[PDB]
Each structure stands twice: as structure tokens, then as C-alpha cells.
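A short worksheet on the structure shown next.
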Amino acid sequence: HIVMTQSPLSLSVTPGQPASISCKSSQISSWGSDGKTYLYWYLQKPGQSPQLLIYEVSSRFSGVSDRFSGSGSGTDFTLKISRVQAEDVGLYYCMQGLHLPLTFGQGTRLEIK
Amino acid sequence: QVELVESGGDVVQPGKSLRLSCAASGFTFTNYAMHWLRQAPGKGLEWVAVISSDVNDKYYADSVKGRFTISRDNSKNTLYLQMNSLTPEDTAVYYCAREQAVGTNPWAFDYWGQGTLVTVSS
Amino acid sequence: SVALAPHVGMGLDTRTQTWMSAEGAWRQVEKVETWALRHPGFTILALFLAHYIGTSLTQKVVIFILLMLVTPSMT
Amino acid sequence: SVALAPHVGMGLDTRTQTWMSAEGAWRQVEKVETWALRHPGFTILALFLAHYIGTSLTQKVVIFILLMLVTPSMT
Amino acid sequence: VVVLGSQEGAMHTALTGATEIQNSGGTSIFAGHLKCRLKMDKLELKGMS
Amino acid sequence: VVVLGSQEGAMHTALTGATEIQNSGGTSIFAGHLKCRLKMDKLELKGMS
Ligand SMILES: *[C@@H]1O[C@H](CO)[C@@H](O[C@@H]2O[C@H](CO)[C@@H](O[C@@H]3O[C@H](CO[C@@H]4O[C@H](CO)[C@@H](O)[C@H](O)[C@@H]4O)[C@@H](O)[C@H](O[C@H]4O[C@H](CO)[C@@H](O)[C@H](O)[C@@H]4O)[C@@H]3O)[C@H](O)[C@H]2NC(C)=O)[C@H](O)[C@H]1NC(C)=O
């Protein structure tokens, strides 16, 4: 079990501005054998099943607008959204994947200001 | 193009059993390691159980250990989640998820099912 | 990759169209043409080599054609 | 694109290893060998053409090699 | 260590000259040819009378 | 009409001679070269005396 903490629990940003979310782990998520940090990020649109945005941290899943970008290394990771649209409202969920009992972080939210 | 559909969600009194079926299409189902996922309303997503590509490497979470059974049937392209000793806390909408096609983790989520809600009360 | 070795000259052919007849008819010649358009100097080299290795005229033309067709084809 | 006209030979190279020098180094040679071993009949016609074009041995041999390298890859 | 990727598109080019057949139920193999001889000796015009 | 599949791995050896890059945030290239003039006029060594 890994305690996952997201710095903001609610973000109000006007359109055209960047919104950043910090998810800090409780232990190291870096798999020593390969040297890859195994973190994941999911967006659950209002009344929809969540999709995937950032597999690992640097990488980005297909079918995803280029604005989303993952950052950070060693238990403190961060997303960035260069331009926020009306469709970016949702419930961003950072989850670790290193250890088998996968634990999501508490759900953050992003509402248009 | 992947399509995951759920079935089996219904109202039930505590203690009684229920089996949840995840029919999948659009990919070779037999060469994958399916997961189960859930989320109570107003709460975050919670992991439930995993069945690997080889049918003999099942795992479950702590809060649901020794109470749930996960099983795949390759031929019928469905995922069976037999849940016993259900309680009003365990009720939630259940999501059936796929594995990561591109990546290194043996366990990850590419695509989420539509989602079925199971209601538990007296 | 497997994108090479097309199922072209096996000879077990029928009346109906194959997988990509119209699309795959001119693929190789288009590739050679675009390579020659991209890299012009190899034409000069091929002319020189054919002239200094070809005794007659038909031999010159044949070896020049073979070189210009093999180099993009070879890679 | 289709796995034709690869990136090799363009330049812009340095000491760090390129993408697939491990596998793509011998790929074309292996393709030519397997095509020749799967269609041995064309060798007779290649020899025929080489013998009927060329007044010497050097151009005979080079034309033979050029046909044997054009036909499988241009396939 | 890197995995190469999906070969579906590469194979779709590798099959350039191969014929195609429907595969909905069983295999309805089109694109064939058959020779046959017609006995054509027991037929009747049925209109002569 | 057909879709002709996915060329993701089909172009994955069409691009075979080039050098790879990282493209993780800032795109470090880890390749190429650079020339420089090392005018070593003000670099006196330590502990001469
Ligand atoms: C390939 O790479 C993957 C990458 O994940 C490896 O996946 C591993 O899968 C195993 C499952 O077989 C994971 O085991 C889990 O380990 C947890 C570690 O917990 C701590 O470590 C010690 C060391 O044993 C434990 O004893 C302590 O409990 C520590 O807390 C462990 O907590 C977890 O238990 C879970 O399952 C049991 C059984 O159901 C439950 O009772 C328990 O409550 C909990 O739900 C598992 O035992 C392992 O963690 C995974 N790897 C990593 C890095 O996390 C593969 O093993 C690699 N190899 C192959 C061939 O796939």
C-alpha cells in the first residue's frame, strides 16, 4: 500500500491559463531493475468512465491532446495544462502502479473559474 | 475500437451472492490480464482484483480479500467476478478495465468499460 | 520488417483483383523515381561507371538502367 | 511510410549507435538470399541474359550480379 | 530494450498480391476456377410439341 | 472500402538509419558533435610553489 497525496483538491482556473497538479507518493515508485517510474494519471469526465492520459510520467497516451504533460521524479510528480478548455473539467486521479495493490490518490477536481 | 460492456449489476440484500460478467470485444481476449475496478459515489476509484494472462495468478485487495472470486472464460470472451458476503459499504459502480498494450508494466489500464452499478441495501 | 517480400510473383492468381492491385502496381517505380529525384548525383556516378565499364552502347544503357534501378531497390 | 526507401545513407551520423544497426545491417542481403533460395529458377535466365550481353567476362559478371540483385528487391 | 511495434500495417503491404476472401461464416472462398464437362444428353427442349 | 491497418510498426523500420532521441520534457539529443577553441591562457595549475 502506497499513500498518495494530491496537492490541490479543487482548482478554479479561467480559460487560457495553466493549471498544475502535484501528486506526492509515500514511498519510491521507481522500479530499480529498469529505472522507470511507474505512475499513471486518469481523467474521469462528468458522468463518464475514466480514460488514461499519462502512462509512466514523461510518456503520453494516444488520443490525447498535446497540452497535457507529466513531470517530476522520485515520489513527487506534477502535471501541467498549458491551455484549459471546457472539456478539461473532471476528476484527475494519480495512481501508482509499482506495487500490486494499486492505490489511487484522493480525487482532485478542476472547475472553470 | 475496443468495446467493454458490463452485466450483472442489480439490487440485492446483504449476504447474498452475485456474479458480474464483463463481455469484451475488438481484441484477442485470451492473451490479456484483465482487471476489475470500482468507485462508490462521492469517493475515489478503488482497486478490486486482477486475473493475469495465465489463469492461475489471481490477486485481490486487502479490503476485499477472501470474499471475492475473479475468473476468466476465454472461449466466451467474458470476465466473471463472483462476489460473496457483500455489505452495504461494498456497493458501488464497478468498472472493467483492459491492460496496457504499449508499456512495460504487466499491470495497467488502457481502456475502461462502460460501468455497471450494484446496489446493496436492506 | 515484413513490409518487404510482397506476394507478387507466386503465380497462383485468378480473375478477381488481388489485395491492392491499383495501389501496389506502381509502388516500386514510384519509390525509385522519388529516390532519383531526391539524390541526383548518383545519376552522374552511374553515367561515369557505365561509360567506363560498357564496351558497346546497348551494354552501357543496360548497365546504367540496372544501376539506377538497383541502388534505391537495394536500399 | 512503407518499409521502403529507409533512412540509411542520408548522412547526419555520429559515433552514437543508430536506430537498428543490430538488425537492419544484413536485412537486404538476407532478403536477397531467401528470395534466391525460394525461386532458384530465375538464375538460369539471369545467366542466359549475362551470357548474351557482354563481349568480355567483367561485364558478364557485373550484369549477372546486377540482375540477381535487382529482381528480388524490385519484386 | 524496445519492442518494435504493431506489424498489422506492414503485413497489409506484405499481402499486396494475395487474393481476399470473405470470412464471416466458415470461409466463402471466392476467386477460383473450375473445369467441367456437360453431359447434356438427357435434356429436352420441352417446346417442340 | 478497407482501412489498411496501422502503420505504427510498418514505418518503424522505414526509419532505421536515424539516431534516436529522448523527448522527455526537454528533448535531450545525446548525439552530434561540437567544436570549441580552448584558449588556456588564464589557467595556472595549483601548488606550483
Ligand atoms: C515483473 O514485474 C512486475 C512488476 O510489478 C512484478 O509484479 C509483482 O507481482 C507480485 C505479485 O505476485 C507483487 O507481490 C506483492 O508484493 C507486495 C509487497 O509488499 C511488501 O513487500 C514484502 C516482500 O514480500 C511483503 O512481504 C510485504 O507485505 C510488504 O508489504 C505485497 O504487499 C503484495 O501482497 C498482496 O497480495 C497478497 C496476496 O493476495 C495479499 O494478501 C496482500 O494483502 C496484498 O494484496 C504482493 O505479494 C509484487 O509487488 C509485484 N512487483 C512489484 C515491484 O511490486 C513481477 O513479479 C515481475 N515478474 C514477473 C515474472 O512477472
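Residues in the C-alpha cells are numbered from 1 in each chain, the chains being A, B, ... in the order shown, and ligands are numbered from 1 in the order shown.
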
Would you give me, as a tab-separated table, each residue of chain A having an atom within 6 Å of an atom of ligand 1, along with its shortest atom pair and that distance in Å to one decimal, using only C-alpha atoms and all ligand atoms and sorting by chain and residue number?
residue	atom	partner	partner_atom_place_in_ligand_line	distance
A:98	CA	ligand 1	54 (O)	4.9
A:99	CA	ligand 1	54 (O)	3.1
A:100	CA	ligand 1	49 (O)	4.8
A:101	CA	ligand 1	45 (O)	5.2

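For residue 61 of chain B, the list of residues within 12 Å, based on only C-alpha atoms and with local chain neighbours fewer than 2 positions off taken out, reads residues 1, 99, 100, 101, 102 and 103 of chain A; 35, 36, 37, 38, 46, 47, 48, 49, 50, 58, 59, 63, 64, 65, 66, 67, 68, 69 and 70 of chain B.
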
Since we have the selection now, will you write its residues out, keeping N, CA and C atoms, as an mmCIF file, in the first residue's frame?
data_model
loop_
_atom_site.group_PDB
_atom_site.id
_atom_site.type_symbol
_atom_site.label_atom_id
_atom_site.label_comp_id
_atom_site.auth_asym_id
_atom_site.auth_seq_id
_atom_site.Cartn_x
_atom_site.Cartn_y
_atom_site.Cartn_z
ATOM 1 N N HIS A 1 0.824 -1.203 0.000
ATOM 2 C CA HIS A 1 0.000 0.000 0.000
ATOM 3 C C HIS A 1 0.860 1.255 0.000
ATOM 4 N N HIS A 99 3.626 -1.349 -7.131
ATOM 5 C CA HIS A 99 3.288 -2.486 -6.291
ATOM 6 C C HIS A 99 1.866 -2.953 -6.573
ATOM 7 N N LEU A 100 1.655 -4.256 -6.392
ATOM 8 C CA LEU A 100 0.428 -4.890 -6.870
ATOM 9 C C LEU A 100 -0.843 -4.288 -6.287
ATOM 10 N N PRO A 101 -0.956 -4.023 -4.977
ATOM 11 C CA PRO A 101 -2.208 -3.383 -4.521
ATOM 12 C C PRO A 101 -2.271 -1.923 -4.963
ATOM 13 N N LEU A 102 -2.727 -1.737 -6.202
ATOM 14 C CA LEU A 102 -2.763 -0.416 -6.813
ATOM 15 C C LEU A 102 -3.668 0.517 -6.021
ATOM 16 N N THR A 103 -3.114 1.645 -5.586
ATOM 17 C CA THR A 103 -3.852 2.620 -4.791
ATOM 18 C C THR A 103 -3.928 3.932 -5.551
ATOM 19 N N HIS B 35 -8.514 -6.698 -15.356
ATOM 20 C CA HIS B 35 -8.667 -6.129 -14.026
ATOM 21 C C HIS B 35 -10.136 -5.839 -13.746
ATOM 22 N N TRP B 36 -10.427 -5.558 -12.478
ATOM 23 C CA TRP B 36 -11.729 -5.077 -12.032
ATOM 24 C C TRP B 36 -11.517 -3.837 -11.182
ATOM 25 N N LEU B 37 -12.449 -2.890 -11.264
ATOM 26 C CA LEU B 37 -12.316 -1.606 -10.589
ATOM 27 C C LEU B 37 -13.685 -1.109 -10.152
ATOM 28 N N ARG B 38 -13.707 -0.277 -9.112
ATOM 29 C CA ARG B 38 -14.958 0.195 -8.536
ATOM 30 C C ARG B 38 -14.774 1.589 -7.954
ATOM 31 N N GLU B 46 -11.374 2.723 -6.548
ATOM 32 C CA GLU B 46 -10.818 1.700 -5.673
ATOM 33 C C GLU B 46 -10.556 0.430 -6.471
ATOM 34 N N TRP B 47 -9.354 -0.118 -6.323
ATOM 35 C CA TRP B 47 -8.998 -1.363 -6.990
ATOM 36 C C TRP B 47 -9.707 -2.542 -6.337
ATOM 37 N N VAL B 48 -9.974 -3.582 -7.125
ATOM 38 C CA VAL B 48 -10.724 -4.744 -6.667
ATOM 39 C C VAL B 48 -9.924 -6.035 -6.823
ATOM 40 N N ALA B 49 -9.606 -6.421 -8.058
ATOM 41 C CA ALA B 49 -8.965 -7.709 -8.295
ATOM 42 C C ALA B 49 -8.356 -7.733 -9.690
ATOM 43 N N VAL B 50 -7.440 -8.679 -9.893
ATOM 44 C CA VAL B 50 -6.753 -8.866 -11.169
ATOM 45 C C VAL B 50 -6.638 -10.355 -11.453
ATOM 46 N N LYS B 58 -4.226 -15.128 -9.861
ATOM 47 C CA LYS B 58 -5.207 -14.159 -9.400
ATOM 48 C C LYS B 58 -4.703 -13.427 -8.161
ATOM 49 N N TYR B 59 -5.195 -12.203 -7.970
ATOM 50 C CA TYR B 59 -4.878 -11.419 -6.784
ATOM 51 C C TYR B 59 -6.057 -10.524 -6.431
ATOM 52 N N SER B 63 -9.061 -5.046 1.515
ATOM 53 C CA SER B 63 -10.425 -4.853 1.993
ATOM 54 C C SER B 63 -11.402 -5.842 1.377
ATOM 55 N N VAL B 64 -10.995 -6.552 0.330
ATOM 56 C CA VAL B 64 -11.862 -7.487 -0.370
ATOM 57 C C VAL B 64 -11.250 -8.887 -0.418
ATOM 58 N N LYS B 65 -10.294 -9.166 0.461
ATOM 59 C CA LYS B 65 -9.607 -10.449 0.437
ATOM 60 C C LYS B 65 -10.476 -11.542 1.046
ATOM 61 N N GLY B 66 -10.448 -12.717 0.427
ATOM 62 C CA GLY B 66 -11.177 -13.857 0.970
ATOM 63 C C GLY B 66 -12.680 -13.717 0.885
ATOM 64 N N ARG B 67 -13.160 -12.814 0.032
ATOM 65 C CA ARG B 67 -14.594 -12.587 -0.118
ATOM 66 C C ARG B 67 -15.060 -12.530 -1.563
ATOM 67 N N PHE B 68 -14.158 -12.385 -2.530
ATOM 68 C CA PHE B 68 -14.495 -12.234 -3.937
ATOM 69 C C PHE B 68 -13.740 -13.274 -4.749
ATOM 70 N N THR B 69 -14.310 -13.640 -5.895
ATOM 71 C CA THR B 69 -13.691 -14.595 -6.803
ATOM 72 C C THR B 69 -13.711 -14.025 -8.212
ATOM 73 N N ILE B 70 -12.556 -14.035 -8.873
ATOM 74 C CA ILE B 70 -12.405 -13.499 -10.221
ATOM 75 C C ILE B 70 -12.027 -14.659 -11.131
#

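All chain A residues having an atom within 10 Å of chain F, based on only C-alpha atoms, amount to residues 57, 58, 59, 69, 70 and 71 of chain A.
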
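Chains of identical sequence, chain E and chain F give a C-alpha root-mean-square deviation of 0.8 Å after superposition over all matched alpha carbons.
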
Which chain C residues have any atom within 9 Å of an atom of chain D, and for each, what is the nearest pair of atoms with distance in Å to one decimal, counting only C-alpha atoms, rows sorted by chain and number, as a Markdown table?
| residue | atom | partner | partner_atom | distance |
| --- | --- | --- | --- | --- |
| C:1 | CA | D:3 | CA | 7.0 |
| C:2 | CA | D:3 | CA | 8.3 |
| C:3 | CA | D:3 | CA | 5.6 |
| C:4 | CA | D:3 | CA | 6.9 |
| C:5 | CA | D:75 | CA | 7.4 |
| C:6 | CA | D:75 | CA | 7.2 |
| C:8 | CA | D:75 | CA | 7.1 |
| C:9 | CA | D:75 | CA | 7.8 |
| C:28 | CA | D:74 | CA | 6.6 |
| C:29 | CA | D:74 | CA | 8.6 |
| C:31 | CA | D:5 | CA | 6.9 |
| C:32 | CA | D:5 | CA | 8.5 |
| C:35 | CA | D:5 | CA | 7.4 |
| C:53 | CA | D:59 | CA | 7.0 |
| C:54 | CA | D:59 | CA | 7.2 |
| C:55 | CA | D:55 | CA | 7.8 |
| C:56 | CA | D:54 | CA | 8.3 |
| C:58 | CA | D:53 | CA | 8.5 |
| C:59 | CA | D:54 | CA | 6.8 |
| C:62 | CA | D:63 | CA | 8.4 |
| C:63 | CA | D:63 | CA | 6.7 |
| C:66 | CA | D:66 | CA | 6.2 |
| C:67 | CA | D:66 | CA | 7.2 |
| C:69 | CA | D:70 | CA | 6.9 |
| C:70 | CA | D:70 | CA | 5.0 |
| C:71 | CA | D:70 | CA | 8.6 |
| C:72 | CA | D:5 | CA | 6.8 |
| C:73 | CA | D:73 | CA | 5.5 |
| C:74 | CA | D:73 | CA | 6.3 |
| C:75 | CA | D:5 | CA | 6.0 |

Check your understanding: Which residues, written as an NGL selection string, have at least one atom at most 9 Å from residue 31 of chain B, with only C-alpha atoms counted and residues fewer than 5 positions away on the same chain left out?
Key -> :B and (53-54 or 74)

Proximity of chain F to chain C: per-residue shortest pair, 10 Å limit, only C-alpha atoms, as a Markdown table:
| residue | atom | partner | partner_atom | distance |
| --- | --- | --- | --- | --- |
| F:4 | CA | C:20 | CA | 9.8 |
| F:9 | CA | C:1 | CA | 8.5 |
| F:10 | CA | C:3 | CA | 6.7 |
| F:11 | CA | C:1 | CA | 9.1 |
| F:12 | CA | C:1 | CA | 8.3 |
| F:13 | CA | C:1 | CA | 6.3 |
| F:14 | CA | C:1 | CA | 8.5 |

Exercise for review: Select residues of chain A: the criterion is any atom within 10 Å of an atom of chain B, counting only C-alpha atoms; output as a ChimeraX atom specification.
Suggested key: /A:1,34,36,38-40,42,48-53,55-56,59,61-62,91-93,95-108

Review point. Which residues, written as a ChimeraX atom specification, have at least one atom at most 12 Å from segment 32-45 of chain E, with only C-alpha atoms counted and residues fewer than 5 positions away on the same chain left out?
Key: /C:12-17 /E:19-21

Exercise for review: Would you work out the distance separating atom CA of residue 38 of chain C from atom CA of residue 11 of chain D, expressed in Å to one decimal?
Suggested key: 13.6 Å

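Distance-wise, atom CA of residue 9 of chain B and atom CA of residue 47 of chain A end up 17.5 Å apart.
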
Check your understanding: chain C: which residues are helix (DSSP H, G or I) by DSSP, as a ChimeraX atom specification?
Key -> /C:21-25,27-38,41-53,57-74

Check your understanding: What residues in segment 4-122 of chain B get the DSSP label strand (DSSP E or B)? Please answer as a PyMOL selection string.
Key -> chain B and resi 4-7+11-12+18-25+35-39+46-50+59-60+68-73+78-83+92-97+112+116-120
